[PDB]
Amino acid sequence: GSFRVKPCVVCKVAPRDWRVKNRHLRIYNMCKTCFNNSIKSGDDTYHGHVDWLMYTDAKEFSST
Ligand SMILES: Nc1ncnc2c1ncn2[C@@H]1O[C@H](COP(=O)(O)OP(=O)(O)OP(=O)(O)O)[C@@H](O)[C@H]1O
Ligand SMILES: [Zn+2]
């Protein structure tokens with residue numbers, strides 16, 4: 001069933017919104033709902049996304 005992926009937690013009912021970046025796939029650390037809420041609750045946390053390339057995977061969390 002599950003693997004090594006990491007789904008949302010604020011909802012635990014959703015994986016994590018995703019977007020497409022030129023040949024690459026962009027995932028988010030929080031779903032669209034919790035994402036907006038993250039702005040509320042999170043304000044400045046859990047803010048992170050993962051980009052997948054047609055060859056390698058990447059992470060872009062703590063950017064500051
Ligand atoms: N739902 C989310 N969950 C967690 N973090 C998010 C979420 N959405 C945005 N972020 C944070 O804000 C940034 C994402 O904004 P994003 O870069 O995807 O807009 P963009 O339009 O795709 O960028 P660009 O304009 O260069 O294409 C990331 O650094 C990420 O950490
Ligand atoms: Zn969520």
# chains A, B, ... in the order shown; residues from 1 in each chain; ligands from 1
>>> closest_atom_pairs(of="chain A", to="ligand 1", cutoff="7 Å", atoms="only C-alpha atoms and all ligand atoms", output="CSV")
residue,atom,partner,partner_atom_place_in_ligand_line,distance
A:17,CA,ligand 1,1 (N),6.2
A:28,CA,ligand 1,3 (N),4.3
A:29,CA,ligand 1,4 (C),4.2
A:30,CA,ligand 1,3 (N),3.9
A:31,CA,ligand 1,1 (N),5.3
A:32,CA,ligand 1,1 (N),5.3
A:35,CA,ligand 1,1 (N),4.1
A:46,CA,ligand 1,4 (C),5.9
A:47,CA,ligand 1,5 (N),3.6
A:48,CA,ligand 1,31 (O),3.1
A:49,CA,ligand 1,31 (O),4.6
A:60,CA,ligand 1,29 (O),6.3
A:61,CA,ligand 1,31 (O),5.4
A:63,CA,ligand 1,29 (O),6.9
>>> residues_around(residues="residue A:52", least_positions_apart="4", cutoff="10 Å", atoms="only C-alpha atoms", output="ChimeraX atom specification")
/A:20-21,23-27,56-59
>>> write_last_selection(atoms="N, CA, C and O atoms", output="compact mmCIF listing (two decimals), in the first residue's frame")
# COMPACT_ATOMS: atom_id res chain seq x y z
N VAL A 20 3.39 21.13 -12.05
CA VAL A 20 4.34 20.68 -13.06
C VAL A 20 5.28 21.81 -13.46
O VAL A 20 4.84 22.90 -13.83
N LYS A 21 6.58 21.56 -13.36
CA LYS A 21 7.58 22.56 -13.69
C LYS A 21 8.47 22.10 -14.84
O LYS A 21 9.44 21.36 -14.64
N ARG A 23 8.95 19.81 -17.55
CA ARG A 23 9.52 18.46 -17.52
C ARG A 23 9.69 17.95 -16.09
O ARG A 23 9.92 16.76 -15.88
N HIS A 24 9.59 18.85 -15.12
CA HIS A 24 9.74 18.45 -13.73
C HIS A 24 8.41 18.51 -13.00
O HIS A 24 7.50 19.25 -13.38
N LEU A 25 8.30 17.73 -11.93
CA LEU A 25 7.09 17.70 -11.13
C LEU A 25 7.35 18.35 -9.78
O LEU A 25 8.31 17.99 -9.10
N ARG A 26 6.36 19.29 -9.39
CA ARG A 26 6.56 19.97 -8.12
C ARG A 26 5.48 19.57 -7.12
O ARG A 26 4.40 19.65 -7.31
N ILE A 27 5.93 19.11 -5.97
CA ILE A 27 5.01 18.70 -4.92
C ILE A 27 5.08 19.71 -3.77
O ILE A 27 6.05 20.46 -3.65
N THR A 56 16.47 13.14 -12.01
CA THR A 56 16.83 13.21 -10.59
C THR A 56 15.74 13.90 -9.77
O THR A 56 14.89 14.60 -10.31
N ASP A 57 15.78 13.69 -8.46
CA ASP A 57 14.81 14.30 -7.56
C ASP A 57 15.49 15.38 -6.73
O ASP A 57 16.69 15.30 -6.46
N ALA A 58 14.74 16.41 -6.34
CA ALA A 58 15.32 17.49 -5.56
C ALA A 58 14.37 17.96 -4.46
O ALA A 58 13.16 17.74 -4.53
N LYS A 59 14.94 18.63 -3.46
CA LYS A 59 14.16 19.15 -2.35
C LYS A 59 14.49 20.62 -2.12
O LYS A 59 15.64 21.03 -2.23
>>> closest_residue(among="A:45, A:33, A:38, A:64", to="ligand 2", atoms="only C-alpha atoms and all ligand atoms")
A:33
>>> closest_atom_pairs(of="chain A", to="ligand 2", cutoff="6 Å", atoms="only C-alpha atoms and all ligand atoms", output="Markdown table")
| residue | atom | partner | partner_atom_place_in_ligand_line | distance |
| --- | --- | --- | --- | --- |
| A:8 | CA | ligand 2 | 1 (Zn) | 4.6 |
| A:9 | CA | ligand 2 | 1 (Zn) | 5.9 |
| A:10 | CA | ligand 2 | 1 (Zn) | 4.9 |
| A:11 | CA | ligand 2 | 1 (Zn) | 4.0 |
| A:14 | CA | ligand 2 | 1 (Zn) | 5.4 |
| A:30 | CA | ligand 2 | 1 (Zn) | 5.1 |
| A:31 | CA | ligand 2 | 1 (Zn) | 4.2 |
| A:34 | CA | ligand 2 | 1 (Zn) | 4.5 |
>>> select_by_dssp(residues="chain A", states="helix (DSSP H, G or I)", output="ChimeraX atom specification")
/A:32-42
>>> atom_distance(atom1="atom CA of residue A:4", atom2="atom CA of residue A:39")
26.7 Å
>>> select_by_dssp(residues="chain A", states="strand (DSSP E or B)", output="list in words")
residues 18, 19, 20, 21, 24, 25, 26, 27, 28, 49, 50, 51, 52, 57, 58, 59 and 60 of chain A
>>> write_last_selection(atoms="N, CA and C atoms", output="mmCIF file, in the first residue's frame")
data_model
loop_
_atom_site.group_PDB
_atom_site.id
_atom_site.type_symbol
_atom_site.label_atom_id
_atom_site.label_comp_id
_atom_site.auth_asym_id
_atom_site.auth_seq_id
_atom_site.Cartn_x
_atom_site.Cartn_y
_atom_site.Cartn_z
ATOM 1 N N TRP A 18 0.267 19.306 -5.927
ATOM 2 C CA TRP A 18 1.422 19.174 -6.804
ATOM 3 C C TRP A 18 1.288 20.075 -8.024
ATOM 4 N N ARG A 19 2.278 20.400 -8.623
ATOM 5 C CA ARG A 19 2.308 21.247 -9.803
ATOM 6 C C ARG A 19 3.353 20.727 -10.787
ATOM 7 N N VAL A 20 3.394 21.129 -12.050
ATOM 8 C CA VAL A 20 4.342 20.681 -13.064
ATOM 9 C C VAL A 20 5.283 21.813 -13.458
ATOM 10 N N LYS A 21 6.584 21.555 -13.356
ATOM 11 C CA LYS A 21 7.582 22.564 -13.691
ATOM 12 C C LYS A 21 8.473 22.101 -14.842
ATOM 13 N N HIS A 24 9.587 18.847 -15.120
ATOM 14 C CA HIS A 24 9.741 18.447 -13.730
ATOM 15 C C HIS A 24 8.406 18.506 -12.998
ATOM 16 N N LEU A 25 8.301 17.727 -11.931
ATOM 17 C CA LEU A 25 7.086 17.698 -11.127
ATOM 18 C C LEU A 25 7.353 18.347 -9.784
ATOM 19 N N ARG A 26 6.363 19.295 -9.394
ATOM 20 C CA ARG A 26 6.556 19.969 -8.124
ATOM 21 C C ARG A 26 5.484 19.569 -7.125
ATOM 22 N N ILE A 27 5.930 19.108 -5.967
ATOM 23 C CA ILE A 27 5.013 18.705 -4.916
ATOM 24 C C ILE A 27 5.079 19.714 -3.772
ATOM 25 N N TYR A 28 4.192 19.710 -2.951
ATOM 26 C CA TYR A 28 4.135 20.629 -1.821
ATOM 27 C C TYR A 28 4.125 19.851 -0.507
ATOM 28 N N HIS A 49 8.704 22.480 -0.671
ATOM 29 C CA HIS A 49 8.208 21.774 -1.844
ATOM 30 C C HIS A 49 9.287 20.866 -2.423
ATOM 31 N N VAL A 50 9.009 19.859 -3.226
ATOM 32 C CA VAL A 50 9.943 18.919 -3.834
ATOM 33 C C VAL A 50 9.797 18.923 -5.355
ATOM 34 N N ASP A 51 10.783 19.014 -6.055
ATOM 35 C CA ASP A 51 10.754 19.004 -7.512
ATOM 36 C C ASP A 51 11.391 17.732 -8.047
ATOM 37 N N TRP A 52 10.704 17.091 -8.980
ATOM 38 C CA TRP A 52 11.205 15.866 -9.577
ATOM 39 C C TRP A 52 11.618 16.129 -11.017
ATOM 40 N N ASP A 57 15.782 13.688 -8.463
ATOM 41 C CA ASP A 57 14.808 14.295 -7.561
ATOM 42 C C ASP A 57 15.489 15.379 -6.730
ATOM 43 N N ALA A 58 14.738 16.405 -6.341
ATOM 44 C CA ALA A 58 15.317 17.492 -5.562
ATOM 45 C C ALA A 58 14.370 17.963 -4.463
ATOM 46 N N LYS A 59 14.939 18.631 -3.462
ATOM 47 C CA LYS A 59 14.157 19.152 -2.349
ATOM 48 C C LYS A 59 14.486 20.621 -2.123
ATOM 49 N N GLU A 60 13.473 21.415 -1.804
ATOM 50 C CA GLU A 60 13.691 22.831 -1.554
ATOM 51 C C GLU A 60 12.838 23.298 -0.384
#
>>> atom_distance(atom1="atom CA of residue A:36", atom2="atom CA of residue A:2")
26.0 Å
>>> atom_distance(atom1="atom CA of residue A:22", atom2="atom CA of residue A:53")
8.9 Å
>>> decode(residues="stretch 19-61 of chain A", atoms="C-alpha atoms", output="compact mmCIF listing (two decimals), in the first residue's frame")
# COMPACT_ATOMS: atom_id res chain seq x y z
CA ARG A 19 2.31 21.25 -9.80
CA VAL A 20 4.34 20.68 -13.06
CA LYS A 21 7.58 22.56 -13.69
CA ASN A 22 8.92 22.21 -17.24
CA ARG A 23 9.52 18.46 -17.52
CA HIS A 24 9.74 18.45 -13.73
CA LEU A 25 7.09 17.70 -11.13
CA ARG A 26 6.56 19.97 -8.12
CA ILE A 27 5.01 18.70 -4.92
CA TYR A 28 4.13 20.63 -1.82
CA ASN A 29 4.51 19.87 1.89
CA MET A 30 0.89 20.85 2.55
CA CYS A 31 -2.30 20.35 0.55
CA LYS A 32 -4.06 23.33 -1.01
CA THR A 33 -6.36 23.56 2.00
CA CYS A 34 -3.81 23.17 4.77
CA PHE A 35 -1.49 25.18 2.55
CA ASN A 36 -3.72 28.22 2.79
CA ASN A 37 -4.32 27.35 6.41
CA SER A 38 -0.59 26.96 6.84
CA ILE A 39 -0.51 30.65 6.12
CA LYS A 40 -2.82 30.99 9.07
CA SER A 41 -1.54 28.32 11.41
CA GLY A 42 1.84 27.89 9.76
CA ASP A 43 2.32 31.57 9.04
CA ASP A 44 5.98 30.69 8.49
CA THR A 45 6.51 26.93 8.77
CA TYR A 46 6.10 23.59 7.01
CA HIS A 47 6.73 25.76 3.95
CA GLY A 48 8.56 23.43 1.56
CA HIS A 49 8.21 21.77 -1.84
CA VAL A 50 9.94 18.92 -3.83
CA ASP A 51 10.75 19.00 -7.51
CA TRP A 52 11.21 15.87 -9.58
CA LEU A 53 13.26 15.83 -12.76
CA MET A 54 13.13 13.44 -15.68
CA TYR A 55 16.35 12.09 -14.21
CA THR A 56 16.83 13.21 -10.59
CA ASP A 57 14.81 14.30 -7.56
CA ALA A 58 15.32 17.49 -5.56
CA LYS A 59 14.16 19.15 -2.35
CA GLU A 60 13.69 22.83 -1.55
CA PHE A 61 12.57 23.39 2.03
